[PDB]
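Naming: A, B, ... by sequence-line order, numbering from 1 per chain. Every number for a ligand or one of its atoms is a count from 1 in the order of the listing. Values below: every heavy atom of this structure, side chains too, minus hydrogens, waters and symmetry copies.
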Amino acid sequence: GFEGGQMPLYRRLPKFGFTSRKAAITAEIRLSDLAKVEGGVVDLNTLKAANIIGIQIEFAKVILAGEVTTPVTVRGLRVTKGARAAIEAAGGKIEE
Amino acid sequence: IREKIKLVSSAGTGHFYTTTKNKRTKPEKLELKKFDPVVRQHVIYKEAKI
Amino acid sequence: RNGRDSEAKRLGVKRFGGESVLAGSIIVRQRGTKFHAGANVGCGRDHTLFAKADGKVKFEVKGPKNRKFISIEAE
RNA sequence: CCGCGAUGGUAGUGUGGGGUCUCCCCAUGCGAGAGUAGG
RNA sequence: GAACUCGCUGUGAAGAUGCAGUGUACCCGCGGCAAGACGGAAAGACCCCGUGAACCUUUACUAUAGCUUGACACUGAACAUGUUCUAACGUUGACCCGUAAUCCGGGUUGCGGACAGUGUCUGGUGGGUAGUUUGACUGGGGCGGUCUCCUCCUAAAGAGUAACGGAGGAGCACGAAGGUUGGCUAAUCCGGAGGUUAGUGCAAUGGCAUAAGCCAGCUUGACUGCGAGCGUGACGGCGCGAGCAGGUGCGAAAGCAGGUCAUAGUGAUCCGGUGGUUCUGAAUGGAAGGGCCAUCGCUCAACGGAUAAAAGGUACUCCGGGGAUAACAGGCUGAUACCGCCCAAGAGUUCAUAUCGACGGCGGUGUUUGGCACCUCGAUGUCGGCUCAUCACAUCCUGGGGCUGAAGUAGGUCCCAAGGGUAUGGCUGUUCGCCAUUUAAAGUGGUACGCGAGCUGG
RNA sequence: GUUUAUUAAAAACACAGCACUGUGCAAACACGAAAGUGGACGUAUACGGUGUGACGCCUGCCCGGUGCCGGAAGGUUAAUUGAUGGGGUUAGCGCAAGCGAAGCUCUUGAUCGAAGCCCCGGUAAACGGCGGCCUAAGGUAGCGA
RNA sequence: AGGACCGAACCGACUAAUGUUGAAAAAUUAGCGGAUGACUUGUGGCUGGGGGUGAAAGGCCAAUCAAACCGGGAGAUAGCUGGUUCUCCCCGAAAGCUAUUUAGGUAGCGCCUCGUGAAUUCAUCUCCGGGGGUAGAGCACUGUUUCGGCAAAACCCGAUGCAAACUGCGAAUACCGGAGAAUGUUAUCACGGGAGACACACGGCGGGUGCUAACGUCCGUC
RNA sequence: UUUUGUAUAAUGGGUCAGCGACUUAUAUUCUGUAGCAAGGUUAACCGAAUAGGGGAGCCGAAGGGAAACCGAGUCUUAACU
RNA sequence: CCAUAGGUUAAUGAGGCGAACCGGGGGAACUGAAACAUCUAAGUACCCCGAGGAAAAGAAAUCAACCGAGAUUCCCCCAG
Ligand SMILES: CCC[C@@H]1C[C@@H](C(=O)N[C@@H]([C@H]2O[C@H](SC)[C@H](O)[C@@H](O)[C@H]2O)[C@@H](C)O)N(C)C1
Ligand SMILES: [K+]
Ligand SMILES: [K+]
Ligand SMILES: [K+]
Ligand SMILES: [K+]
Ligand SMILES: [K+]
Ligand SMILES: [K+]
Ligand SMILES: [K+]
Ligand SMILES: [K+]
Ligand SMILES: [K+]
Ligand SMILES: [K+]
Ligand SMILES: [K+]
Ligand SMILES: [K+]
Ligand SMILES: [K+]
Ligand SMILES: [K+]
Ligand SMILES: [K+]
Ligand SMILES: [K+]
Ligand SMILES: [K+]
Ligand SMILES: [K+]
Ligand SMILES: [K+]
Ligand SMILES: [K+]
Ligand SMILES: [K+]
Ligand SMILES: [K+]
Ligand SMILES: [K+]
Ligand SMILES: [K+]
Ligand SMILES: [K+]
Ligand SMILES: [K+]
Ligand SMILES: [K+]
Ligand SMILES: [K+]
Ligand SMILES: [K+]
Ligand SMILES: [K+]
Ligand SMILES: [K+]
Ligand SMILES: [K+]
Ligand SMILES: [K+]
Ligand SMILES: [K+]
Ligand SMILES: [Mg+2]
Ligand SMILES: [Mg+2]
Ligand SMILES: [Mg+2]
Ligand SMILES: [Mg+2]
Ligand SMILES: [Mg+2]
Ligand SMILES: [Mg+2]
Ligand SMILES: [Mg+2]
Ligand SMILES: [Mg+2]
Ligand SMILES: [Mg+2]
Ligand SMILES: [Mg+2]
Ligand SMILES: [Mg+2]
Ligand SMILES: [Mg+2]
Ligand SMILES: [Mg+2]
Ligand SMILES: [Mg+2]
Ligand SMILES: [Mg+2]
Ligand SMILES: [Mg+2]
Ligand SMILES: [Mg+2]
Ligand SMILES: [Mg+2]
Ligand SMILES: [Mg+2]
Ligand SMILES: [Mg+2]
Ligand SMILES: [Mg+2]
Ligand SMILES: [Mg+2]
Ligand SMILES: [Mg+2]
Ligand SMILES: [Mg+2]
Ligand SMILES: [Mg+2]
Ligand SMILES: [Mg+2]
Ligand SMILES: [Mg+2]
Ligand SMILES: [Mg+2]
Ligand SMILES: [Mg+2]
Ligand SMILES: [Mg+2]
Ligand SMILES: [Mg+2]
Ligand SMILES: [Mg+2]
Ligand SMILES: [Mg+2]
Ligand SMILES: [Mg+2]
Ligand SMILES: [Mg+2]
Ligand SMILES: [Mg+2]
Ligand SMILES: [Mg+2]
Ligand SMILES: [Mg+2]
Ligand SMILES: [Mg+2]
Ligand SMILES: [Mg+2]
Ligand SMILES: [Mg+2]
Ligand SMILES: [Mg+2]
Ligand SMILES: [Mg+2]
Ligand SMILES: [Mg+2]
Ligand SMILES: [Mg+2]
Ligand SMILES: [Mg+2]
Ligand SMILES: [Mg+2]
Ligand SMILES: [Mg+2]
Ligand SMILES: [Mg+2]
Ligand SMILES: [Mg+2]
Ligand SMILES: [Mg+2]
Ligand SMILES: [Mg+2]
Ligand SMILES: [Mg+2]
Ligand SMILES: [Mg+2]
Ligand SMILES: [Mg+2]
Ligand SMILES: [Mg+2]
Ligand SMILES: [Mg+2]
Ligand SMILES: [Mg+2]
Ligand SMILES: [Mg+2]
Ligand SMILES: [Mg+2]
Ligand SMILES: [Mg+2]
Ligand SMILES: [Mg+2]
Ligand SMILES: [Mg+2]
Ligand SMILES: [Mg+2]
Ligand SMILES: [Mg+2]
Ligand SMILES: [Mg+2]
Ligand SMILES: [Mg+2]
Ligand SMILES: [Mg+2]
Ligand SMILES: [Mg+2]
Ligand SMILES: [Mg+2]
Ligand SMILES: [Mg+2]
Ligand SMILES: [Mg+2]
Ligand SMILES: [Mg+2]
Ligand SMILES: [Mg+2]
Ligand SMILES: [Mg+2]
Ligand SMILES: [Mg+2]
Ligand SMILES: [Mg+2]
Ligand SMILES: [Mg+2]
Ligand SMILES: [Mg+2]
Ligand SMILES: [Mg+2]
Ligand SMILES: [Mg+2]
Ligand SMILES: [Mg+2]
Ligand SMILES: [Mg+2]
Ligand SMILES: [Mg+2]
Ligand SMILES: [Mg+2]
Ligand SMILES: [Mg+2]
Ligand SMILES: [Mg+2]
Ligand SMILES: [Mg+2]
């Protein structure tokens, strides 16, 4: 980063933002992960057991990424509008 | 010699503009109708300290 | 007592006669109206002439004063 | 639309070459301004 | 480094045994001399450079021992809002014992006494001591000047373009000097002429009558969110911009308005302040703190801003480097200097030219003062003298000659001529110079201002 | 007399003499985190520090600056103390908005407060200074290329 | 009597010569100063490194002193100097700009190389569309200049020149864009891996500076 | 060797022999190559085991936003042509 | 005055050395920051005391997050 003594780029530009502690304990689940759990119920604990998310994850969101081709119950996870449609189209259900 | 001032919204939004003034020549308070983006209306703004 | 000068301002013609330009394109940077804005050409606050339409740059000498105008001939 | 102007010569000059090289000349290309006839 | 290791004149990283041309020269010792091998010796000590060192200085900066201030502690008792008291504490007073002891301890006693003194905290003082800072550019360095921004010229008719090049400006102003609609047109000279020769809030340039110049009325578009596209920058950035949404002013409306004729009027980031906020909130609810939006604090002017905070000395010096850069000498140059010539104002009784040559002109030398920084900083010893020289000729003497305002004697001036010759002393480090006294004369220059591996060392 | 052992022997250092100044003895002062020790088994005719440098004739004016000494009214001022105000939290009160005791807590900083400094004097054998209207005062005696 | 006098021993070290790869890392020779004193000398002791000691020279403290010596931190750091070892093949710079307590350092960009991707992408010429304010010229303007005329010597007029910061004119070239052919190993642009370089020199042309001095200096361009 | 430029009178080397200077560890990125592939790979450790076990982790398959959060979108803005 | 200090004798133990590791008492600077003072180097080098075959640490006034874990030590992750 030394530029010969000119105020370097990483000092002439301002700092911004803060780091969220909540982001570190939030994960995203792909539709392709929903079949990888044991027993057709997707919640934090079954996702942890399947090694899909880390053990310290407290919150998770299912997103429209990959495909779901089986009926799955999703319990206690947030689901995107697109993921909800994909899960319900595969005969699944979503429980808050 | 021109001093910086706030023009503060009369709509009570806390929105302000900033400008300069020569207080020696013009000691009276500057008052202008200006757009307040909080209420999204032209309202009276009145001079205050920076 | 000398030894001073200012930075050169890169004035002058940016798009010459017959050049195809997009709307917004600067045609000339200048001090005052050395050139004037013709058809489909705007004049900025620093006397910059810029295209208000897509087309070809055209220089022309018109008026009683015989002034250099810049227009855009729309494509 | 926006109240001058040939022809010829001269000045300058791109490229190549030369001299006695502060400045010129030759080959070739471009060729004013001013002025003149005239309009 | 290797050598089969001559002179000269040139050339050449610019002073050649080694290159060119040319001259000279059989092979090899010995004694001698030191002109050259930019001889040997020592990574120049001078000089500059390095965001090198050391030690020294101080009203440089920051600390700090020491000294000093007060608060609390060890530290107590009677009233005063005064002193007195003894019991803490001190005693480097006396005496006694441990004890064969001018230490130490214990005891007795006197004196002092909550003082003194010490600890923690705290203000002051503090080159006594310590760590450091003390800019860069620069025709060497220093001194002076400069450092950011704007305008013109240099700039070679696109842009850009350097110098310690040539000239000037800025570090603002303005709630109108901004917006819009309507209206108006100057300088200057003598109502007329004239036509911007004025005006522009302030430099200069390019603009401006449709006026951008100027006046009045009504105003706040000196709006908020955005932005096709483009210009200009290594980047950070900076600039121009139709159009879209919201809300506004002026005007009858078309339309115009996101500051000002344009181009200077400026300061990154960090740290923090203020207001706002569907953000965050370390068990949870809050809060603190943080984020986001708006905004504030730099002559940080060495103006891309090393720190919040900094001057000097070194001949007591030291290291790393540089002939990237100065002092000597060489080189290039020849302004200056010196020498020569051209013209002829005139002076010279008369007469420009015997002699002198105003105003001006043209050269030569390398020769003074300089310019440049090419050679040398892993060293090219630098002034003067002494010793020993050698060349040039622009000749001081002696030799030859022309002119003369040359009677003679003796001069003047110019030409030819380099064979030989060309003072000693006083003073001063002197070179030089002045002085004394000589001489036919006491020449002028080049030779690393000849000559310290020859001497001296003023 | 002394000195740069190894380029300087001197006009340098020292010196007797002089002056200023500190120092009352557990002296000042110095070495030492200290105990102690030197000063001194001395005691102001003594001891330390500083400058000057036998002797003779002498040693002028300036206290504005810097230091030192004395002063102590007034201004300013540390730790300390924590008055007052402002905020956070929440028992409650409110239908909600909000309000909000006590406690704890974050902040604010009244009052108290020594020396120093400012201030008022003194002091030149203290550091220093000693004119062309101006200064703190304008260089006396003596001497002088 | 005496820091008295002359002078050996003894203690010193003023001058000169020699010596300077010495006889000697300070001496020898001839002279020189002190020589009862603040003298000199033997033995032993004490003072220790920011410390000692110093009749004070930054002198001396084991041939070492503006901070001893030895060991350690330790391979301090060194934007500086030096040096950097076998072979062949292909390509092939820069000595510039901007910024910098920067100027002989370094960073981004420019220029080199390797890889990947992509357009008739690029170049030359011809033709077409462009803006110029240079060379030259000129004197209306802004200044400067001479002569004549005219006349409040102004102004005005005629005649003559001069200009980097004058322009009522104005090239060649160069540059931007468009079209077309031929030619060229994509010569072009983008992105990515690796750089080096940021002391340039002379010569030609156009110039500033200097004396149209310099193998001078500073730009532009080949 | 250093330089704009050195026969240079700039630097270095008296000669020979021997020694004498881009390494090593860990991280990271790019290229080549090999394996496996929407997956890839395990660390310590266990194991007599270069095996085998061990998937704790790490990288990748989703981004946008300061963040809450939304998510093939998201941020910006009252809202986007 | 009692006493205590003190004195003599006896018994028992200590003392000194040793390469590293270990706990504790003290504790630099060069250097890096392209200068330098905060900061760094580093609680390193070094000095000192003490120990043991190891030492130290150790049986929650510990974490966690409303679910739970269960002394200390060491290794790999978490994570530059
Ligand atoms: C104006 C001066 C110009 C400089 C003089 C010369 C130089 O440095 N000389 C050395 C000499 O010292 C000794 S002579 C005592 C040496 O023997 C001799 O060789 C030589 O190095 C000393 C005098 O400084 N430089 C090259 C240029
Ligand atoms: K354009
Ligand atoms: K020859
Ligand atoms: K010789
Ligand atoms: K007593
Ligand atoms: K007391
Ligand atoms: K220069
Ligand atoms: K020079
Ligand atoms: K609008
Ligand atoms: K600077
Ligand atoms: K210094
Ligand atoms: K010489
Ligand atoms: K002549
Ligand atoms: K005559
Ligand atoms: K030298
Ligand atoms: K001679
Ligand atoms: K004669
Ligand atoms: K002769
Ligand atoms: K000599
Ligand atoms: K010699
Ligand atoms: K000799
Ligand atoms: K003597
Ligand atoms: K005083
Ligand atoms: K409360
Ligand atoms: K020392
Ligand atoms: K660079
Ligand atoms: K590349
Ligand atoms: K050139
Ligand atoms: K060199
Ligand atoms: K040399
Ligand atoms: K690698
Ligand atoms: K790979
Ligand atoms: K979008
Ligand atoms: K340090
Ligand atoms: K550094
Ligand atoms: Mg896992
Ligand atoms: Mg310029
Ligand atoms: Mg300009
Ligand atoms: Mg013609
Ligand atoms: Mg013509
Ligand atoms: Mg020669
Ligand atoms: Mg011989
Ligand atoms: Mg001899
Ligand atoms: Mg030599
Ligand atoms: Mg050297
Ligand atoms: Mg006390
Ligand atoms: Mg001090
Ligand atoms: Mg100091
Ligand atoms: Mg240091
Ligand atoms: Mg220093
Ligand atoms: Mg400098
Ligand atoms: Mg141009
Ligand atoms: Mg051009
Ligand atoms: Mg250039
Ligand atoms: Mg340049
Ligand atoms: Mg310039
Ligand atoms: Mg865009
Ligand atoms: Mg801070
Ligand atoms: Mg909480
Ligand atoms: Mg908590
Ligand atoms: Mg906040
Ligand atoms: Mg700067
Ligand atoms: Mg800086
Ligand atoms: Mg040196
Ligand atoms: Mg040189
Ligand atoms: Mg010279
Ligand atoms: Mg004559
Ligand atoms: Mg004359
Ligand atoms: Mg010369
Ligand atoms: Mg040069
Ligand atoms: Mg030379
Ligand atoms: Mg040479
Ligand atoms: Mg040499
Ligand atoms: Mg002759
Ligand atoms: Mg002869
Ligand atoms: Mg002869
Ligand atoms: Mg003869
Ligand atoms: Mg004489
Ligand atoms: Mg000589
Ligand atoms: Mg001579
Ligand atoms: Mg000699
Ligand atoms: Mg002498
Ligand atoms: Mg004597
Ligand atoms: Mg000596
Ligand atoms: Mg002597
Ligand atoms: Mg005593
Ligand atoms: Mg004296
Ligand atoms: Mg007081
Ligand atoms: Mg007095
Ligand atoms: Mg007198
Ligand atoms: Mg005697
Ligand atoms: Mg002696
Ligand atoms: Mg003798
Ligand atoms: Mg005597
Ligand atoms: Mg005697
Ligand atoms: Mg001295
Ligand atoms: Mg010695
Ligand atoms: Mg030292
Ligand atoms: Mg170290
Ligand atoms: Mg080393
Ligand atoms: Mg090639
Ligand atoms: Mg700049
Ligand atoms: Mg011309
Ligand atoms: Mg011109
Ligand atoms: Mg073309
Ligand atoms: Mg450079
Ligand atoms: Mg350069
Ligand atoms: Mg240069
Ligand atoms: Mg150049
Ligand atoms: Mg030239
Ligand atoms: Mg040159
Ligand atoms: Mg030249
Ligand atoms: Mg050189
Ligand atoms: Mg050669
Ligand atoms: Mg030779
Ligand atoms: Mg050589
Ligand atoms: Mg060298
Ligand atoms: Mg050698
Ligand atoms: Mg994401
Ligand atoms: Mg540093
Ligand atoms: Mg044991
Ligand atoms: Mg244990
Ligand atoms: Mg529980």
Side-chain angles (χ1 to χ4, degrees), chain A, chain B residues 4 6-9 11-18 34-41 43 45 48 50, chain C residues 2-12 21-26 54:
Chain A
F2 185 70
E3 292 183 10
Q6 174 169 278
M7 187 59 54
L9 186 70
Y10 71 96
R11 290 188 61 197
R12 68 189 179 240
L13 295 177
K15 298 194 292 181
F16 69 86
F18 73 106
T19 299
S20 176
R21 295 175 56 67
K22 198 169 197 77
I25 59 165
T26 306
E28 59 181 53
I29 311 303
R30 299 155 54 69
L31 293 181
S32 60
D33 299 308
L34 300 176
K36 295 180 182 175
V37 305
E38 191 69 7
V41 179
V42 171
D43 55 71
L44 283 174
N45 292 347
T46 60
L47 289 169
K48 284 167 180 183
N51 204 27
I52 302 300
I53 60 172
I55 54 156
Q56 299 213 260
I57 299 300
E58 299 185 8
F59 312 103
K61 170 82 79 79
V62 184
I63 68 170
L64 185 63
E67 305 175 6
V68 59
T69 187
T70 55
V72 166
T73 308
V74 184
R75 196 175 299 144
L77 309 188
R78 295 183 289 236
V79 184
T80 69
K81 290 288 186 181
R84 170 174 294 268
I87 291 158
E88 288 172 355
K93 45 163 153 283
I94 293 141
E95 304 181 1
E96 60 174 3
Chain B
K4 286 183 290 295
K6 281 184 181 185
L7 295 174
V8 178
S9 185
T13 60
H15 184 264
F16 62 94
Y17 292 81
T18 56
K34 303 191 67 59
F35 187 69
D36 186 331
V38 182
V39 293
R40 304 174 59 217
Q41 291 293 304
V43 299
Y45 279 66
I50 194 68
Chain C
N2 307 315
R4 291 172 301 295
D5 203 2
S6 59
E7 197 77 357
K9 289 286 171 293
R10 287 80 172 159
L11 301 180
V21 299
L22 303 180
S25 295
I26 288 170
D54 300 2

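The backbone N or O of A/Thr73 sits nowhere less than 3.5 Å from a side-chain atom of A/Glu95 that would complete a donor-acceptor pair.
Considering every non-hydrogen atom in both A/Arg30 and A/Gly66, the closest pair reads NH2-N, 3.8 Å. The shortest non-hydrogen separation linking A/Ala86 to A/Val68 is O-CG1, 3.5 Å. Contact detail for A/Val74 and A/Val62: the closest heavy-atom pair is CG1-CG2, 4.2 Å.
Counting heavy atoms from C-beta on, the side chains of A/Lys22 and A/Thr26 come closer than 4.5 Å.
If you look at the Mg ion (ligand 36), the protein N, O or S atoms less than 2.8 Å from it are A/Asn51 OD1.
Judged by the 6.0 Å distance and 45° axis criteria, B/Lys6 is positioned over the aromatic ring of B/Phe16.
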